[PDB]
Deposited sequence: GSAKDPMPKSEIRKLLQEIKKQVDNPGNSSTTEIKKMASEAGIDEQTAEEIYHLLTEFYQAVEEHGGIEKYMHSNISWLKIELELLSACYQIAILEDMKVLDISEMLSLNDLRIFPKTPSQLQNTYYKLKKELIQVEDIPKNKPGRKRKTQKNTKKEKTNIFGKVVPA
């Protein structure tokens, strides 16, 4: 139900989207927030060059990308959807909403929820083995 909705949102990236969520029992505002966050991210992906270019840049995550991830998990979790299912669904293996793997989505959601990272741009970054002294 929610998985089918998120697909149609990604396709656009206006009025029609709110109607799709309401039919499937999804809050129009929360759906509206996702559409703005996705379009801002996809525009932001082009603001950093190309999708392939962004993936090879030293920037691992975007604040807008991180905003969109936490937004997507929240709305999907309210539908009794498992974390791993959301990870695969939003990843490259399914809806290709994020240029990330399921392991990457679930790990970063874990990092966000356990406050291991803030919602900012994230970059990609005579002695023994025992320690005693060998005479």
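Notebook entry, point to check: Tell me, which runs of residues in the deposited sequence have no coordinates at all?
Noted result: Deposited residues absent from the model fall in 1-10, 24-30, 143-157, 168.
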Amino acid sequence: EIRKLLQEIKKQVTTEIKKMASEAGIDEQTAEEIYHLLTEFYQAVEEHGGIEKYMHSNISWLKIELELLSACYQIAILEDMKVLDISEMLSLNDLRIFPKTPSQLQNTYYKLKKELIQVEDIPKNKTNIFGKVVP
From here on, numbers count along this sequence of modelled residues.
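Check: Where do the C-alpha atoms have the higher mean temperature factor in this entry, in 110-118 or in 21-29?
Finding: Per the deposited B-factors, the answer is 21-29.
Note to self: Mean Cα B factor from the PDB record: higher for 82-90, or higher for 40-48?
What the structure shows: Taking the mean B-factor of the alpha carbons in each, 40-48 is higher.
Margin query: Considering every modelled residue of the chain and its Cα B-factor in the PDB entry, is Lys4 in the lowest, middle or highest third?
Written below: CA B-factor rank for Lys4: highest third.
Next item on the list: State the tercile, meaning the lowest, middle or highest third, of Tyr35 with respect to the CA B-factors recorded for its chain.
Entry: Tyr35: CA B-factor falls in the highest third of its chain.
Next item on the list: Among all modelled residues of this chain, ranked by Cα B factor, put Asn58 in the bottom, middle or top third, i.e. lowest, middle or highest.
Entry: Tercile = highest for this residue's CA B-factor.
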